[PDB]
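Student: Questions regarding the structure given below will be posed in turn.
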Ligand SMILES: Nc1ncnc2c1ncn2[C@@H]1O[C@H](COP(=O)(O)OP(=O)(O)OP(=O)(O)O)[C@@H](O)[C@H]1O
Ligand SMILES: Nc1ncnc2c1ncn2[C@@H]1O[C@H](COP(=O)(O)OP(=O)(O)O)[C@@H](O)[C@H]1O
Ligand SMILES: [Mg+2]
């Protein structure tokens, strides 16, 4: 009898909607007609416990001050301008409309850029409750929709678990690795605003209002999300960090946090700026800051051991003795070729974990019925087709430019892209292959500091390619003084920061007949 | 009854105390026979099983921990240094802490045993479970009570058996993961997700921030990339004959002798017997087979002792075959003197370092262009490396000896012995080029020279991985000259002084240097 | 232990790989460090199972519980030649 009062008192502070209150009180009336030891009494007890524990109408008191939220956001993360602007716009709209609101954001980018951490900081800044929901590897819809009450065990799904735990109708839910899901059709109902407001669970049998829930999904690659699921979400890109930004992050965030984790003090172990620059340049190459965090933690651990063991009362880390802490630099070579022989042309690629430089090497297989081209280097199908197109266009160009030059139409040429272990694909190297073949045929090296990228068609037209930011960064790192890009990537190149492109004599082209003039 | 008293010695968090109270009351009002009674009983069984807030008293004395680590195991400088740093950091923090270490290397080198030694030194409880055959999230994250025969994964079992909030958990042979458990491991290994690890069966979250995780694997390549970003890679080295003998004498013979119940007075194993066991009977990078041989010989010695055939046994090389049979691997290398067509090369696999030979011959006699047939279960990458090597060998021969028509006309068959064992990797490019050029010129290479390193199309030698294991295997195979890419210098000199004592080492940037060295 | 009226019985378990938590129970039964404190669902007083001798047989060694393989010693039984089987059949 007292359990009825226990269930009733939970609804005093709540504002229970009509369609939920009818279910609640009909189960209340039903419960009185059942003996305690019956199993139906047990299932009704569980159902009443679940219904009365949902925070009907409970909203966390959000803070709508732009200044305070901005101060909180800069306090935790560096340079994630897009996400911060999105959150400021969210707060502005919430303040203007005078009520809380829900949205479906998707932060996608390379690992280690701080998506989960920025989501936690957003939850802290908005004064909303926070909850992790790991969908990576999930395969059964029961995690989201639950089972019917009839079964011996029953779940109201993970979303109702979140609602019970956070005690609010408007939490911040982190749905990570949506691109590594097994299944997905249950998520459509969860985050479709036309039916999100009436999300129905198979255990509760009553729809809850999730329109105020702020869903923040995180992913690493965007194409793997199913198209219907990708349509309902706002894709927000979190970009990789340049060396300058990584240095700023390490100086401001990574080093103090690692010191706190290791228990050190600034007066005990000081880490110089040039040491951080050396660690970033030579000891780790990635878009994120995970490896840099490991290096900083290793340095601070070595410092802590030296302090505790009595080796020294204080330690100073300098580039002279950094090897004593983190060993020899793992990345020390900058370019494969300092002075390119005639048959090789420098190229750029949008590799994983940032762009990287590739070279295209060509050499004769046989001395002196037509010729043939052999391509090696774990090239993909698209890159093999690009090689074939490049070979045909090089033949056609040399037919009309130097008619007496019989080299390409009869010679047997082997084309190789070094570092054969790493798979390579994409039509980005269309013009690089043409330049390599033409330089081999003419027996003349290209400009010694020239780099290029761009897809080539059969008639010589240069088509745009992706990853201009990464390729530009790679060209800047390797010491390229002149870069060739397709003309339709002009806005992509000029959208970059001033400190990234100042040293490059950039050339924008529409056809290969002028890339030929630039390279020679 | 007894379920309430078990929580009195622990520090139960509220978010699980309320849950266990409600479930216990529900069981108290429910009948004593229904199936839901059984489900509630099991759920509160694992609710009350795990030791809420019961830490283990760690020792923070650097000297005693160092002494224990040195006593238990030979070598392993990196692991001991890491543990010393761990203890110093724990001292500075003024409280217990937990990191995620990972040990990778060839099997049988002592990766698992050093974890037990660390646990003994740190006074933490120890538990080991493998994830090599893991194929679903369920067996690690648990099954929900709804499904028939649900279990609380393995980590909850770890906590209940170890009776400790900060034990040492060893995850073994992680390099093999089925088709997704990797996401579950990432959920388990994330330092931020450690504090609120939520099992499917035990709905209440548990605090795994203080546990120490050790990861065992053979190769880091196959470990999933997201998992590698979470764990710290530490390499465990192979052993040379000297280190193998030292380890055997100090640990393997005494431990196995005690296991057989004998003592030093009844069964003595001479150092010569151990050297013969290491050199001939056990061709491996670890001590997995040497331990088995020692156990076998000590077991047979004990059987001889019992029957009265001898009051004591002295194992000597003369009577060793009466204990462990006839020798195996009686020849150090398949080619003691290399004919003109073959060049010795170095290999690195999951089982440690190894040595391979590249063989070439004419398919049909000389008098249209040449061709290269490649056999030996070579992978796609190694086939492309062979094609590149053939092209560069042709180019180099057309300029070093322009009159030589051998490579452009003759049909060459390229073979790598052990045709059953699959092989892959571009690191054999320079070996293939040297084999082709030696066949073309008819000149054998230096009789004890070994080489490794990727070769590009223009002849530039690119760096390769696994220099340490390759050097160990080359030293085992009794070479005196070794050729490595110049970019592997930073990795070669990290070896111990006695490892690289007799090796005449050459570091090269372009193949012309290797051609000068070999001929 | 009742029907065999002994304190140190010899127990054989056959086909250990065809097992489905009974596996954890047999794992702890194979641990001598806890066999002195064996207790079941029926008896509330522990029984010391330290003196028992355990032998296990299976067609393959890839038994589903992983911690079985490191606790049991691998002894291989080999086939018979025709003369061997002839003598066995005759006897
Ligand atoms: N701008 C930044 N300022 C400060 N710290 C940062 C910044 N970006 C990333 N970090 C730090 O880098 C680490 C990245 O961790 P986190 O889990 O947030 O990364 P992630 O890219 O979201 O991960 P995943 O893709 O695996 O989910 C954290 O320690 C975080 O604090
Ligand atoms: N450096 C060492 N010092 C002492 N014993 C060792 C060493 N390396 C290997 N061993 C012995 O080898 C045996 C098998 O090692 P094991 O734990 O199987 O290695 P892994 O886990 O890498 O396979 C252990 O019993 C251990 O005593
Ligand atoms: Mg994430």
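Here chain B follows Swiss-Prot, giving residues 419-597, 602-789, 796-947 in order.
Cβ coordinates are placed from backbone N, Cα and C, and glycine is handled just like the others.
Below are the features listed in Swiss-Prot for this protein:
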type	residues	note
BINDING	B:523, B:524, B:525, B:526, B:527, B:528, B:529, B:530	ATP binding site
ACT_SITE	B:855	active site
ACT_SITE	B:898	active site
Student: Which of these recorded positions (B:523, B:526, B:528, B:529, B:530, B:898) have a C-beta closer than 6 Å to some atom of ligand 1?
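Tutor: Result: none.
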Student: Looking at the recorded positions B:530, B:855, which sits with the largest number of other Cβ atoms within 10 Å of its Cβ?
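Tutor: When each Cβ's neighbours within 10 Å are tallied, B:855 tops the list.
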Student: So what sits near residue B:529 (ATP binding site) in its own chain, CB-to-CB under 8 Å and at least six residues off in sequence?
Tutor: B:521, B:522, B:523, B:638, B:658
Student: For residue B:855 (active site), identify the closest of the recorded positions B:524, B:528, B:898, judging by Cα separation.
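Tutor: The smallest Cα gap between residue B:855 (active site) and any of the recorded positions is with B:898.
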Student: Mind checking which of B:523, B:524, B:525, B:526, B:528 has the fewest other CB atoms within 10 A of its CB? They're the binding-site residues.
Tutor: B:525
Student: Cα-Cα, whole number of Å: residue B:530 (ATP binding site) versus residue B:898 (active site)?
Tutor: 23
Student: To see if you understand the setup: which same-chain residues, six or more apart in sequence, place their Cβ under 8 Å from that of residue B:527 (ATP binding site)?
Tutor: B:658, B:659, B:660, B:661, B:707, B:708, B:709
Student: Which chain neighbours of the ATP site, leaving out B:523, B:524, B:525, B:526, B:527, B:528, B:529, B:530, have a Cβ atom within 8 Å of the mean position of the site's Cβ atoms?
Tutor: B:658, B:708, B:710
Student: Using C-alpha atoms only, work out the spacing between residue B:524 (ATP binding site) and residue B:898 (active site) and round it to an integer in Å.
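Tutor: Here the two Cα atoms are 12 Å apart.
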Student: Write out the long-range same-chain contacts of residue B:898 (active site), meaning residues 6 or more apart in sequence whose Cβ is under 8 Å from its Cβ.
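Tutor: Residue B:898 (active site) has long-range Cβ partners B:768, B:769, B:770, B:775, B:880.
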Student: Any of the recorded positions B:524, B:855, B:898 with a C-beta atom under 6 A from ligand 2? Give them in order, or none.
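Tutor: List returned for ligand 2: none.
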Student: In which DSSP state, out of helix, strand and coil, do we find residue B:528 (ATP binding site)?
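Tutor: Going by the DSSP assignment, residue B:528 (ATP binding site) belongs to neither helix nor strand, so it counts as coil.
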